[PDB]
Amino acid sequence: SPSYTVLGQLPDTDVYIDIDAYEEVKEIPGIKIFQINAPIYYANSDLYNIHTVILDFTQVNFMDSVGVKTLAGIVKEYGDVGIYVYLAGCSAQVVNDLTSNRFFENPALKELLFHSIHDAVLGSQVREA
């Protein structure tokens, strides 16, 4: 799909790239990592034993209200079955767009934000069940 890319980890590093880019790159058991390549309502359409989904926002320069609402639905619905959705690599501007569209109306959702994919992977290691 052009709207998202499945990422894996290069073994014994903090490097995450396209699962199809290099043979030894492997997904982490219990975690799905998706790089967002188009506004999230496109990726969401494709969506339509995992404890964590990590969404890599490195490529995202801004979000619109429809995108933030979509994202909120994704976080909520995974959350309802105990799966955490983490947001990695959000720029200041993207965080501003999330905030303006009241994504953090519950300040607890601030805990879903991580600077890098690896930070998010490490955040999933031990946590509130």
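Note that residue numbering follows the sequence shown and begins at 1.
> In terms of residues present in the deposited sequence but not modelled, what lies between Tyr48 and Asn49: none, 1 to 3, 4 to 9, or 10 or more?
According to the record, 10 or more deposited residues lack coordinates from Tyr48 to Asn49.
> Where do the C-alpha atoms have the higher mean temperature factor in this entry, in 56-64 or in 24-32?
24-32 has the higher mean C-alpha B-factor.
> Regarding 84-92 and 70-78, which shows the higher C-alpha temperature factor on average in the entry?
On average, C-alpha B-factors are higher across 70-78.
> Tell me, please, which of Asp119, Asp12, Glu111, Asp18 has the highest C-alpha B factor according to the deposited entry?
Largest recorded C-alpha B-factor: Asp12.
> Grab the CA temperature factor for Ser3 from the record and place it in the lowest, middle or highest third of its chain.
Tercile = highest for this residue's CA B-factor.
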